[PDB]
Amino acid sequence: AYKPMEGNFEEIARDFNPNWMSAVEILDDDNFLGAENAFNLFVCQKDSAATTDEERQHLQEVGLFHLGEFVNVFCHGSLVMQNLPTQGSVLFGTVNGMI
Amino acid sequence: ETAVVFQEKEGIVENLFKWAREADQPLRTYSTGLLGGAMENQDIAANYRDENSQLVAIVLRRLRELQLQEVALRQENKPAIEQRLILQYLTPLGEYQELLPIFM
């Protein structure tokens with residue numbers, strides 16, 4: 001976190017499972033996407049039923065997927081025309097030229 | 001020393017909230033420092049890290065009025081032992097986190 005009235009930082013939460021990171025990107029201020037050296041993707045989620053302080057410092061891995069390719073970059077922004085479906089758009093950059 | 005405010009007779013921690021927000025003014029005159037051994041303790045400062053933040057809002061507003069009381073009384077030709085003991089409450093728990101926001 002960052003509490004500007006407190007002048008310091010604060011640990012909201014933390015995932016515990018040892019995944020070797022490659023690239024991270026915030027999706028929608030609730031869900032967090034990450035990349036792994038094992039050529040995989042996963043979304044973590046800030047928890048809701050915060051019945052205690054222990055069940056709200058533990059991020060939950062919601063979703064797992066083997067994108068069989070090493071993700072270096074993440075970025076926002078679509079490649080198509082804004083005509084003003086889905087919500088949001090995250091592109092990624094890899095080691096084999098696979099966007 | 002430590003434990004008389006910390007023992008199983010621990011309602012006096014909660015009772016001094018009643019004995020500050022609702023007590024008599026000569027009772028409040030000495031009621032403030034009675035949580036001093038609670039605030040010198042780190043555990044009650046951890047067991048009431050947010051419930052004291054109620055009481056800090058009470059005791060700071062009363063603390064401000066003394067400068068409107070005592071200086072304006074001195075501003076007539078041109079009691080603070082409470083204010084002495086009020087600041088004796090705030091001195092241990094002023095160091096801790098998350099109380100600096102209402103301090104600022």
# chains A, B, ... in the order shown; residues from 1 in each chain; ligands from 1
$ interface_residues --of "chain B" --to "chain A" --cutoff "7 Å" --atoms "only C-alpha atoms" --output "PyMOL selection string"
chain B and resi 98+100-101
$ residues_around --residues "segment 27-32 of chain B" --least-positions-apart "4" --cutoff "7 Å" --atoms "only C-alpha atoms" --output "PyMOL selection string"
chain B and resi 19-20+23+82+85-86+89
$ write_last_selection --atoms "N, CA and C atoms" --output "CSV table (one decimal), in the first residue's frame"
chain,number,residue,atom,x,y,z
B,19,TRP,N,-14.2,6.9,32.1
B,19,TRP,CA,-13.7,7.8,33.1
B,19,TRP,C,-12.8,8.9,32.5
B,20,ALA,N,-12.9,9.1,31.1
B,20,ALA,CA,-12.5,10.3,30.5
B,20,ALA,C,-13.6,11.0,29.7
B,23,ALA,N,-16.4,11.4,32.8
B,23,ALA,CA,-16.1,11.6,34.2
B,23,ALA,C,-16.3,13.1,34.5
B,82,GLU,N,-3.5,19.7,35.0
B,82,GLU,CA,-4.2,18.8,34.0
B,82,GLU,C,-3.4,18.7,32.7
B,85,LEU,N,-0.5,16.8,33.1
B,85,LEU,CA,-0.8,15.4,33.1
B,85,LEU,C,-1.5,14.9,31.9
B,86,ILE,N,-2.1,15.8,31.1
B,86,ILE,CA,-2.7,15.4,29.8
B,86,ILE,C,-1.6,14.9,28.9
B,89,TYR,N,-0.1,11.5,29.3
B,89,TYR,CA,-0.7,10.4,28.6
B,89,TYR,C,-0.1,10.2,27.2
$ closest_residue --among "A:49, A:84, A:62, A:73" --to "residue 32 of chain A" --atoms "only C-alpha atoms"
A:62
$ select_by_dssp --residues "chain B" --states "alpha helix (DSSP H)" --output "VMD selection string"
chain B and resid 11 to 21 25 to 31 36 to 40 42 to 47 52 to 66 72 to 74 80 to 93 100 to 103
$ atom_distance --atom1 "atom CA of residue 54 of chain B" --atom2 "atom CA of residue 6 of chain B"
19.6 Å
$ select_by_dssp --residues "chain A" --states "strand (DSSP E)" --output "JSON, numbers by chain"
{"A": [2, 3, 8, 9, 21, 22, 23, 24, 25, 26, 31, 32, 33, 34, 35, 36, 40, 41, 42, 43, 44, 45, 60, 61, 62, 63, 64, 65, 71, 72, 73, 74, 75, 91, 92, 93, 94]}
$ write_last_selection --atoms "N, CA, C and O atoms" --output "CSV table (one decimal), in the first residue's frame"
chain,number,residue,atom,x,y,z
A,2,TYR,N,0.2,2.4,0.0
A,2,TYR,CA,0.8,3.7,0.3
A,2,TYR,C,-0.3,4.5,1.0
A,2,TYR,O,-1.2,4.9,0.4
A,3,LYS,N,-0.1,4.8,2.3
A,3,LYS,CA,-1.0,5.6,3.0
A,3,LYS,C,-0.3,7.0,3.1
A,3,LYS,O,0.7,7.2,3.8
A,8,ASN,N,4.2,6.6,5.1
A,8,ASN,CA,5.0,5.4,4.9
A,8,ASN,C,4.3,4.4,4.0
A,8,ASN,O,3.2,4.8,3.4
A,9,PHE,N,4.8,3.2,3.8
A,9,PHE,CA,4.1,2.2,3.1
A,9,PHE,C,3.4,1.3,4.1
A,9,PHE,O,3.3,1.5,5.3
A,21,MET,N,9.5,-14.9,-10.7
A,21,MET,CA,8.8,-14.0,-11.5
A,21,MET,C,9.6,-13.7,-12.8
A,21,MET,O,10.8,-13.8,-12.9
A,22,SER,N,8.8,-13.3,-13.8
A,22,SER,CA,9.3,-12.8,-15.1
A,22,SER,C,8.8,-11.4,-15.4
A,22,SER,O,9.5,-10.6,-16.0
A,23,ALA,N,7.5,-11.2,-15.1
A,23,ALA,CA,6.8,-9.9,-15.5
A,23,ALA,C,5.5,-9.9,-14.7
A,23,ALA,O,4.8,-10.9,-14.6
A,24,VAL,N,5.1,-8.7,-14.2
A,24,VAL,CA,3.8,-8.5,-13.5
A,24,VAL,C,3.1,-7.3,-14.1
A,24,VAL,O,3.7,-6.4,-14.8
A,25,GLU,N,1.8,-7.3,-13.9
A,25,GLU,CA,1.0,-6.2,-14.4
A,25,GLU,C,-0.3,-6.2,-13.6
A,25,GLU,O,-1.0,-7.2,-13.5
A,26,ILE,N,-0.7,-5.0,-13.1
A,26,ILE,CA,-2.0,-4.8,-12.5
A,26,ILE,C,-3.1,-4.8,-13.5
A,26,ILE,O,-3.0,-4.1,-14.5
A,31,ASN,N,-7.3,-7.6,-9.4
A,31,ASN,CA,-6.7,-8.8,-9.9
A,31,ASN,C,-5.3,-8.4,-10.4
A,31,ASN,O,-5.2,-7.4,-11.1
A,32,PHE,N,-4.4,-9.3,-10.2
A,32,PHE,CA,-3.0,-9.0,-10.5
A,32,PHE,C,-2.4,-10.2,-11.3
A,32,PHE,O,-2.4,-11.3,-10.9
A,33,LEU,N,-1.9,-9.9,-12.5
A,33,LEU,CA,-1.3,-10.9,-13.4
A,33,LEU,C,0.2,-11.0,-13.3
A,33,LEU,O,0.8,-10.0,-13.1
A,34,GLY,N,0.7,-12.2,-13.3
A,34,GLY,CA,2.1,-12.4,-13.2
A,34,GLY,C,2.6,-13.4,-14.2
A,34,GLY,O,1.8,-14.3,-14.7
A,35,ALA,N,3.9,-13.4,-14.5
A,35,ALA,CA,4.6,-14.3,-15.4
A,35,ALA,C,5.6,-15.1,-14.6
A,35,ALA,O,6.0,-14.7,-13.5
A,36,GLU,N,6.0,-16.2,-15.1
A,36,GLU,CA,6.9,-17.2,-14.4
A,36,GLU,C,7.9,-17.7,-15.3
A,36,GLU,O,7.7,-17.8,-16.5
A,40,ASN,N,4.4,-19.8,-17.6
A,40,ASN,CA,3.1,-19.9,-17.1
A,40,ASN,C,2.5,-18.6,-16.7
A,40,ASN,O,3.3,-17.6,-16.5
A,41,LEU,N,1.2,-18.5,-16.6
A,41,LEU,CA,0.5,-17.3,-16.2
A,41,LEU,C,-0.5,-17.6,-15.1
A,41,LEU,O,-1.0,-18.7,-15.0
A,42,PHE,N,-0.7,-16.6,-14.2
A,42,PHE,CA,-1.6,-16.8,-13.1
A,42,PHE,C,-2.1,-15.4,-12.7
A,42,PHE,O,-1.4,-14.4,-12.8
A,43,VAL,N,-3.3,-15.4,-12.1
A,43,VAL,CA,-3.9,-14.1,-11.6
A,43,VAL,C,-4.1,-14.3,-10.1
A,43,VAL,O,-4.8,-15.3,-9.6
A,44,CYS,N,-3.6,-13.4,-9.3
A,44,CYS,CA,-3.8,-13.3,-7.9
A,44,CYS,C,-4.9,-12.3,-7.6
A,44,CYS,O,-5.1,-11.3,-8.4
A,45,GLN,N,-5.6,-12.4,-6.4
A,45,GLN,CA,-6.7,-11.6,-6.1
A,45,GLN,C,-6.7,-11.1,-4.6
A,45,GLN,O,-6.5,-12.0,-3.7
A,60,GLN,N,-4.8,-14.9,-2.9
A,60,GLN,CA,-5.3,-16.1,-3.5
A,60,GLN,C,-5.1,-16.2,-5.0
A,60,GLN,O,-5.4,-15.3,-5.7
A,61,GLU,N,-4.5,-17.3,-5.4
A,61,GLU,CA,-4.2,-17.5,-6.8
A,61,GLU,C,-5.5,-17.9,-7.5
A,61,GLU,O,-6.0,-19.0,-7.3
A,62,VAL,N,-6.1,-17.0,-8.3
A,62,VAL,CA,-7.3,-17.3,-9.0
A,62,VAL,C,-7.0,-17.5,-10.5
A,62,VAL,O,-7.0,-16.5,-11.2
A,63,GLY,N,-6.8,-18.7,-10.9
A,63,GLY,CA,-6.6,-18.9,-12.3
A,63,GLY,C,-5.1,-19.3,-12.6
A,63,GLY,O,-4.2,-18.7,-12.2
A,64,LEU,N,-5.0,-20.4,-13.5
A,64,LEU,CA,-3.7,-20.9,-13.8
A,64,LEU,C,-3.7,-21.3,-15.3
A,64,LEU,O,-4.7,-21.8,-15.8
A,65,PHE,N,-2.6,-21.2,-16.0
A,65,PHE,CA,-2.5,-21.3,-17.4
A,65,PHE,C,-1.1,-21.5,-17.9
A,65,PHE,O,-0.2,-20.8,-17.4
A,71,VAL,N,7.3,-14.7,-20.9
A,71,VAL,CA,6.8,-13.4,-21.0
A,71,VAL,C,7.8,-12.4,-20.4
A,71,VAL,O,8.1,-12.4,-19.2
A,72,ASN,N,8.3,-11.5,-21.2
A,72,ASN,CA,9.1,-10.4,-20.7
A,72,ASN,C,8.4,-9.2,-20.3
A,72,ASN,O,8.6,-8.6,-19.3
A,73,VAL,N,7.5,-8.7,-21.2
A,73,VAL,CA,6.9,-7.4,-21.1
A,73,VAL,C,5.4,-7.5,-20.9
A,73,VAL,O,4.8,-8.5,-21.3
A,74,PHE,N,4.8,-6.5,-20.2
A,74,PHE,CA,3.4,-6.3,-20.3
A,74,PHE,C,3.2,-4.8,-20.5
A,74,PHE,O,4.0,-4.0,-20.1
A,75,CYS,N,2.1,-4.5,-21.2
A,75,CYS,CA,1.7,-3.1,-21.5
A,75,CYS,C,0.2,-3.0,-21.7
A,75,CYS,O,-0.5,-4.0,-22.0
A,91,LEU,N,-1.4,-6.4,-23.7
A,91,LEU,CA,-0.5,-7.1,-24.6
A,91,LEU,C,0.7,-7.5,-23.9
A,91,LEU,O,1.1,-6.9,-22.8
A,92,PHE,N,1.4,-8.5,-24.4
A,92,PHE,CA,2.7,-8.9,-23.7
A,92,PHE,C,3.7,-9.2,-24.8
A,92,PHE,O,3.4,-9.5,-25.9
A,93,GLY,N,5.0,-9.1,-24.4
A,93,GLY,CA,6.1,-9.3,-25.2
A,93,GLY,C,7.0,-10.4,-24.7
A,93,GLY,O,7.3,-10.5,-23.5
A,94,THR,N,7.5,-11.3,-25.6
A,94,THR,CA,8.1,-12.6,-25.3
A,94,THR,C,9.4,-12.7,-25.9
A,94,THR,O,10.0,-11.8,-26.5
$ residues_around --residues "residue 38 of chain A" --least-positions-apart "5" --cutoff "9 Å" --atoms "only C-alpha atoms" --output "ChimeraX atom specification"
/A:19-20,66,68-70
$ closest_residue --among "B:102, B:3, B:12, B:59" --to "residue 41 of chain B" --atoms "only C-alpha atoms"
B:3
